[PDB]
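Reading the structure
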Amino acid sequence: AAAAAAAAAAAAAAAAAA
Amino acid sequence: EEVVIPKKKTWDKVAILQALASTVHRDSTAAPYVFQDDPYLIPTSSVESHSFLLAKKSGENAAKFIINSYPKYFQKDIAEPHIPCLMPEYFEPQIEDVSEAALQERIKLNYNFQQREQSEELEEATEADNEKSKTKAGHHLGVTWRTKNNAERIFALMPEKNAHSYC
Amino acid sequence: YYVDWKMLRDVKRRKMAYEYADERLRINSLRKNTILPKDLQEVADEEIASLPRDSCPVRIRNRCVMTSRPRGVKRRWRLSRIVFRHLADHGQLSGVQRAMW
Amino acid sequence: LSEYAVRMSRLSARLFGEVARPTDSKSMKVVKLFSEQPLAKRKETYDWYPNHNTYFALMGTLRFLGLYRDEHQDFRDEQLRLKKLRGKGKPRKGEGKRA
Amino acid sequence: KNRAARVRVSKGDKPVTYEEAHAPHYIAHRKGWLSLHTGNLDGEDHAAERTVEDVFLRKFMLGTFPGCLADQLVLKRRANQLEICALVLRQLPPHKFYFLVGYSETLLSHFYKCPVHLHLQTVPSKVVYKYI
Amino acid sequence: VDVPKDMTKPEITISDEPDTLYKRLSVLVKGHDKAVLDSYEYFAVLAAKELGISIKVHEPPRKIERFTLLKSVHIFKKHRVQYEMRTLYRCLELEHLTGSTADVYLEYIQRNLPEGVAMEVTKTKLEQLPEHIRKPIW
Amino acid sequence: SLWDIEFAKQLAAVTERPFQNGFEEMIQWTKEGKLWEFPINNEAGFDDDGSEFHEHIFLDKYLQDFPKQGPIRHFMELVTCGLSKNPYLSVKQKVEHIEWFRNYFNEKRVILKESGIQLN
Amino acid sequence: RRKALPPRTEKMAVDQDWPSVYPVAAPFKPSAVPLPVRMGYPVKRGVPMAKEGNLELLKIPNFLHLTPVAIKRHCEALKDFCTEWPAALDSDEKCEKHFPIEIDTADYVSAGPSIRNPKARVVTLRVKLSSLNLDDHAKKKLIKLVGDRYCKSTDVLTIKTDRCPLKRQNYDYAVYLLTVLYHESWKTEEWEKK
RNA sequence: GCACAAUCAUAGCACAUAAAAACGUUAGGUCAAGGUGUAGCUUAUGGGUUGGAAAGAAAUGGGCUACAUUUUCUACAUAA
Ligand SMILES: [Mg+2]
Ligand SMILES: [Mg+2]
Ligand SMILES: [Mg+2]
Ligand SMILES: [Mg+2]
Ligand SMILES: [Mg+2]
Ligand SMILES: [Mg+2]
Ligand SMILES: [Mg+2]
Ligand SMILES: [Mg+2]
Ligand SMILES: [Mg+2]
Ligand SMILES: [Mg+2]
Ligand SMILES: [Mg+2]
Ligand SMILES: [Mg+2]
């Protein structure tokens, strides 16, 4: 059904996970 | 303000083993370590002390000869760190057709090196100032008229650099 | 030589499975799912059927390394129940001893 | 079971790195095909039998070079020599049935 | 009747060693193991590799030192370096004993990609424990 | 009487990096027999009392793995041979360790480990907090 | 240059001596690499190409050449979740897996168009 | 020509230091050990076998290189490598308020040529939730975000990571999980109002 | 001297169990765990690929399930 948007690249750039 | 963090001490991998070795000195009634500690194998005289070590080195080199002569029986590696000291050594050059690539392998490994320059010059291949310097050093390390026959080939053939001449 | 011709065949089967391990993995990834449409799954089945026979990991037989016995072998030592006893009774296997309780 | 808990589990799976969208148990198998190593790639499977040919050729070459003494092969050669001297040896390939 | 690792009693004149005079049901009771490693523990791995390596060392040393080996080998395995303790008869001169130990010390190292130690204790004759 | 002079030449430097801290270091040494483990426990506790580490020692329960095989070769299933593998454990609990102290202890501990025993080293590394959790607002 | 090696072998001839202690034996074997690096760590000699966790766990940056709303995403997110929890494969070895899928799906174009769903 | 040399026992001094003959692990050569030790099951009319030619004394691991004098002499030269533990953390009550992050790291050793142990990648993270800056909503969301990884009795969050091949990678990934679990607990989305 | 016994193991004794049980009998079982003495194959009694190795007219050995009310089902520690 409805899907939520998960900020992956933002969290990666924030916590050095890119 | 109260938390105290000490400093770290970085030593070599064998420094602590040297500090352990500094504690024990040489024993008086004990034979050298390289000999077997059994009385039937302890050397009695000095010529015996020399001959036992020479026989042991003869067996070491006899085993290394088998390792170098039959490399395929030791290509399987089981140790993870991949020690290179226990891998067989190869005496064959990789490239045989290319005259430029055939000499850099043969100079490092005497009589066969002498044919490399002839097999390179048979096709009139231009040798640079860096290729024949090691070839002349390969004769100057091992090796009266063959030296003159080699000395005319380093000068008359190409204008080599004198830094690679006098050495 | 080896211990037996069947062990010589089993080492070849294990080498063929080690060579075709990844291809069968990526092909099974196309059959063990329900998201993909069923049209390509039959083509993937024909692709996995076109592979060599001795490539599947089902043809391997865990035989003994000493005497190549197809049955009665332990997986921890890769030894048959006879060679394991022959080496354990001589004290050549550490920690192994006769159970008395 | 509420939408709040479904969304919390969906975001927990996203932050932990599991499957985000709901998938069936039959389709969860492809995750297991890649999360672990296959059977044909394990060191306990593809390195089960040691190379018997290496050991045999090494020991036989060492016996011919004169370092290893193989009593089993020496016994085989002794019995084969006495069999050939008795007169029943190994026939040549190509003349057993015909000749 | 049990016959594993059991030397049958003759008329009373055969010489037997301490390891042969004890039945296999005496291991860890009266006699110990000829090899010591960690693969035979509870949560350890790589046991069959050590078993086949041990059996190769046995079959190799039996041929390397022919007729002059007193008893079985002691294969100790401690921190990546494998020690081989042997009991050898004084049939060969030390000039050849040193050649053999120096040859094996490097052959086994280059064959198993690990450091090996080889120690020989030479005895005048096979030690008799029971009747002789 | 022939004692060498100047035998101690160590190379020890003090780096400016903060030394790592350890809360609890557990050493679980497993073996087949009890005597070697007892002597090794004595050796470890005497090596720890000299460096002043206040080691604690206890004995975890043992684990006996037993199995059954056939006695004869071809056909005899009523008569079996049961084999056994005993595994004894010894726990050495060290507390209040540092990065180089734990290294100098495990150096004199692991280099002198017997052949028939193994060792499981569990280190509890001590840390204050990472950088992105001190006082952040998204 | 050959002369520096020929001068270094003369230094090795005088520095080398028969071993007098078992401590010097292990010192030399440790400097050569025979003895283990004490204190032993089960990752000595293996760096995994110097990669970090963001090269293993995060594999979404390789799914750009795939349909975002089609079933290819539903299928490939599972293989990426597996490759993220696969510690036995390297960051290079996962790449030819995702590239094998990129090549197979882009090679078999007729079945994906005859399946009724649009995919690129 | 046969030669039989007497052992060192006749030459061993009564006051000679022991660590000089056994510096490292040795195979217990009976010629260099002056102690007459009898090991083995005795005969009904006999005695246990002597040390000469005794395989029983050669099977067991000897501790002749680890006597009290040798271990004291070894650690007296090892005292220079270690550092002094700060006494400001004598009790764990101050260690919990100073270093609330605990990293459980496992290490194994085994006799053999291989070193890779698949249990070495496991890195455990233990953090007490009573030492963070979580608010009521951030904590009540973080509890349901982690699930069973956080206990209510002891109030400790545990992170068990095993996905990365390397131990340093698993450590960095566990710290990354801690950072994202602390950060995303403060973000209130639209589906939270229902 | 080998057996018996004692000791050892089931982490305290005692008991019990386990283990052990010699020399020989049954030319007892195993050339198919493995090697083997003797006699036989070598373009084959050797080495590889594919496909099949059924089925029950019937008899019999050992096990599981029962033939119930001290039973069956449900929730559940055993008072429904
Ligand atoms: Mg056969
Ligand atoms: Mg099967
Ligand atoms: Mg008792
Ligand atoms: Mg009784
Ligand atoms: Mg009984
Ligand atoms: Mg009895
Ligand atoms: Mg019969
Ligand atoms: Mg019959
Ligand atoms: Mg046969
Ligand atoms: Mg037959
Ligand atoms: Mg029937
Ligand atoms: Mg029955």
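The notes below deal with the structure included here. The numbering scheme restarts from 1 for each chain and tracks the written sequence of that chain rather than necessarily the entry's numbering. Residues without coordinates are not displayed. Following the order in which they are written, the chains are lettered starting with A and the ligands numbered starting with 1. Consider the displayed chains a part of a larger assembly; each reported value belongs to this part rather than to the entire assembly. As a rule here, side-chain values come from all non-hydrogen atoms in the structure, and water together with hydrogens is ignored. Residues with missing side-chain atoms are left out of burial classes, side-chain pairs and their counts.

Looking now at the overall build of chain E. Looking only at helices and strands, chain E has 2 helices and 4 strands in total. Secondary structure elements in chain E, listed N-terminal to C-terminal, are β-α-β-β-α-β. When its C-alpha atoms are laid out on the principal axes, chain E stretches across 50 × 45 × 20 Å. The criterion used for residue contact is that any of the two residues' heavy atoms lie within 4.5 Å. Taking all contacts inside chain E whose residues are at least 6 apart in sequence as the whole, residues at least 24 apart take part in 54%. Values of accessible area rely on a 1.4 Å probe in the Shrake-Rupley scheme; residue burial ignores everything except the protein chains shown. Summed over its atoms, the accessible surface of chain E is roughly 4,700 Å², and 55% of this surface lies on carbon and sulfur atoms. Taken together, the 19 basic and 12 acidic charged side chains of chain E have centroids lying 11 Å from each other. By the criteria applied, helices consist of DSSP H or I runs no shorter than four residues and strands consist of E runs no shorter than two, each listed in order from the N terminus. A residue counts as positive if it is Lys or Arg and as negative if it is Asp or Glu; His and the chain ends are not included. Note that the charge is assigned to NZ on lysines, CZ on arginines, CG on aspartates and CD on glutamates.

To pair, rings of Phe, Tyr and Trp, with the six-membered ring standing in for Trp, must have centres within 6.5 Å; the planes then decide the type, stacked if under 30 degrees apart, edge-to-face if over 60, and tilted in the middle. Tallied over the entire structure, the rule returns 38 aromatic pairs over all chains. Ring geometry for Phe52 of chain B versus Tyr98 of chain E: centroids 5.0 Å apart, planes at 5°, classification stacked. One end of the pair, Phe52 of chain B, is in helix α2 (residues 46–69); the other, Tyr98 of chain E, is in helix α2 (residues 94–112), on a second chain. Buried, partly exposed and exposed residues are distinguished by accessible area as a fraction of the type maximum, computed with a 1.4 Å probe on protein chains only: under 20%, between the cut-offs, and over 50%, respectively. Its relative accessible area of 0% is what places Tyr98 of chain E among the buried residues.

Next up on the list: empty space enclosed by the protein. Every definition here rests on a 1 Å grid over the protein atoms only: cavities are sets of points where a 1.4 Å probe fits but cannot get out, pockets are open sets enclosed by protein on both sides within 12 Å along at least five of seven lines, and lining residues have some atom within 4 Å of a point. Grid points are joined across faces, edges and corners, and a volume is the space filled by probe spheres set on the points. Size it by volume and the largest cavity reaches roughly 160 Å³. Around the largest cavity, the lining is made up of 18 residues, and of these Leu40 of chain C together with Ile72, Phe105, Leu112 and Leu119 of chain G lie nearest the centre. Looking at the lining of the largest cavity, the elements that each hand over two or more residues are α3 (71–84), α4 (93–107) and α5 (109–114) of chain G.

Across a sheet, paired strands are connected by hydrogen bonds in the backbone, their directions being either parallel or antiparallel. Residues and elements named next belong to chain E. Sheet architecture is open: 4 strands sit in the order β1-β2-β3-β4, paired in mixed fashion. Where the open sheet ends on each side, the last strands, each with one partner, are β1 (35–36) and β4 (116–123). Only strands joined by at least two bridges in the DSSP assignment are considered to pair. Where strand β3 (residues 81–89) lies against β4, 8 bridges are found, and the strand directions are parallel. The residue of β4 that forms the bridge with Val88 is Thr122. A fitted line through C-alpha atoms serves as each axis, taken over the contacting stretch for helices, and the angle formed by two N-to-C directions is quoted from 0 to 180°. The strands touched by helix α1 (residues 47–64) are β1, β2 (74–78), β3 and β4; relative to β2, the strand with the most contacts, the crossing angle is about 140°. On top of the sheet, α2 reaches β3 and β4; it is set at about 155° to β4, its chief contact.

Among buried residues, those of type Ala, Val, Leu, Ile, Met, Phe, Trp, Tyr and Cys that are joined through side-chain atoms within 4.5 Å constitute a nonpolar core. Ranked by internal contacts, the top residues of the largest apolar core, which has 56 residues, are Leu25, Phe43, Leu94, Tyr105, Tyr108 and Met119 of chain F. When contributions to this core are tallied by element, the ones reaching two or more residues are α1 (15–21) of chain B, β2 (21–31), α1 (34–51), β5 (80–98), α2 (99–110) and β6 (118–127) of chain F, α2 (22–32) of chain G together with α2 (68–78) of chain H. With 9 residues, α1 of chain F is the largest single contributor of residues to this core. When sequence neighbours within four positions are dropped, the list of residues in contact with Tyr105 of chain F reads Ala44, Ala47, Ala48, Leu51, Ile55 and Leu94 of chain F.

This part is about the interface of chain H and chain F. Every contact between the two is made by 44 residues of chain H and, on the other side, 43 residues of chain F. Buried surface area refers to the total accessible area, computed with a probe of radius 1.4 Å, that the two partners give up upon joining, counted for both partners together. Both sides together, the interface formed by chain H and chain F hides about 4,200 Å², and carbon and sulfur atoms give 67% of it. Of all residues in chain H, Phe63, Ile71 and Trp85 of chain H give up the largest surface area on contact with chain F, accounting jointly for 14% of the area buried on that side. Between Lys or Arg on one side and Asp or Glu on the other, a salt bridge is scored when a side-chain nitrogen of the former is within 4 Å of a carboxyl oxygen of the latter. Joining chain H to chain F, the criterion identifies 1 salt bridge. One salt bridge in this structure joins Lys23 of chain F and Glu96 of chain H, with 3.6 Å as the shortest N-O distance. A 3.5 Å cut-off defines polar contacts: any pair of N or O atoms within that distance qualifies, except that in protein one atom must be a possible hydrogen donor and the other a possible acceptor, and neighbouring residues in sequence count only when both atoms are side-chain atoms. Along the contact surface separating chain H from chain F lie 11 residue pairs in polar contact. Contributing elements (two or more residues each) for the side of chain H that touches chain F: α2, α3 (92–98), β1 (101–109) and α5 (167–183) of chain H. Top contributing element to the side of chain H that touches chain F by residue count: β1 of chain H, with 9 residues. A breakdown of the residues in the side of chain H that touches chain F according to their chemical character gives 26 nonpolar, 7 polar and 11 charged. Polar here means any residue outside two lists: the nonpolar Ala, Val, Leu, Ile, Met, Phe, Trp, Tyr, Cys and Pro, and the charged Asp, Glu, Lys and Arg; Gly therefore counts as polar.

What follows concerns the interface of chain C and chain G. Contacts between the two partners involve 14 residues from chain C and, on the opposite side, 14 residues from chain G. Considering only the surface of chain C that becomes buried against chain G, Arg26, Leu30 and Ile35 of chain C emerge as the three largest contributors, covering 46% of it. Where chain C meets chain G, there are 0 salt bridges. For the interface between chain C and chain G, the tally reads 2 residue pairs in polar contact. Elements that contribute at least two residues to the side of chain C that touches chain G include exactly α2 (21–31) and α3 (38–50) of chain C. In the side of chain C that touches chain G, the residues fall into 8 nonpolar, 2 polar and 4 charged.

Geometrically, the link from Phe38 of chain G to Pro39 of chain G is a cis peptide bond, its omega value of 0° lying close to zero. As for its position among the elements, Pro39 of chain G is in the loop between α2 and α3. Positive phi, normally seen in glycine, also occurs at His82 of chain B, with a value near 60°. Its location among the elements puts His82 of chain B in the loop between α2 and α3 (99–106). Of note, the phi angle at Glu124 of chain B is positive, near 55°, even though the residue is not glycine.

For each residue, the test is whether any non-hydrogen atom lies within 4 Å of the molecule or strand; if one does, the residue is near. In the neighbourhood of RNA strand I, 43 residues make up the surrounding shell, with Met100 of chain C, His72 and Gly94 of chain D together with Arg6 and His29 of chain E lying closest. Within the contact set of RNA strand I, a phosphate oxygen lies 2.9 Å away from a side-chain nitrogen or oxygen of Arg76 of chain D. Separating a phosphate oxygen of RNA strand I from a side-chain N or O atom of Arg6 of chain E is a distance of 2.4 Å. Every element with two or more residues in the surface near RNA strand I is listed here: α1 (5–19) of chain C, α5 (71–86) of chain D together with β5 of chain F. Top contributing element to the surface near RNA strand I by residue count: α5 of chain D, with 6 residues.

Residues and elements named next belong to chain H. In terms of strand pairing, β1 meets strand β2 (residues 123–128) through 5 bridges, oriented antiparallel. Bridging from a neighbouring strand, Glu102 pairs with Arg126 of β2. Across 6 bridges, β2 lies against strand β3 (residues 156–161) in antiparallel orientation. Along β3, the bridge assignment pairs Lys128 with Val156.

Contacts are most numerous between chains F and H, taken over all 22 pairs of chains that touch. Nothing in chain B touches chain C; the tightest C-alpha to C-alpha distance between them is still 14 Å. Taking C-alpha atoms only, the smallest gap left between chain D and chain F, which are not in contact, amounts to 16 Å.

Before going further, it helps to examine helix α4 (residues 81–88) of chain C. Across the 8 residues of α4 of chain C, 6 count as buried, placing the element largely inside the fold. When we look at burial in α4 of chain C, the residues that qualify are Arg81, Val83, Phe84, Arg85, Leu87 and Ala88 of chain C. Where α4 of chain C is buried, its residues touch β1 (73–74), β2 (79–80) and β3 (96–98) of chain C together with β4 (63–70) and β5 of chain F.

Looking now at the pattern of salt bridges. Per the stated rule, a full pass over the model turns up 38 salt bridges over all chains. In this structure, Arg13 of chain C and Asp54 of chain C form a salt bridge, with 2.7 Å as the shortest nitrogen-oxygen distance. With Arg13 of chain C in helix α1 and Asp54 of chain C in the loop between α3 and β1, this residue pair connects regions lying 41 residues apart in the sequence. Assessed through its relative accessible area of 25%, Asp54 of chain C is described here as partly exposed. A salt bridge links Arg63 of chain D to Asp77 of chain D, with the shortest nitrogen-to-oxygen separation between them at 2.7 Å. One end of the pair, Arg63 of chain D, is in helix α4 (residues 52–65); the other, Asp77 of chain D, is in helix α5, with 14 residues separating them in the sequence. Connected through shared salt-bridge partners, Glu3 and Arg7 of chain D together with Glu190 and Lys194 of chain H make up one network.

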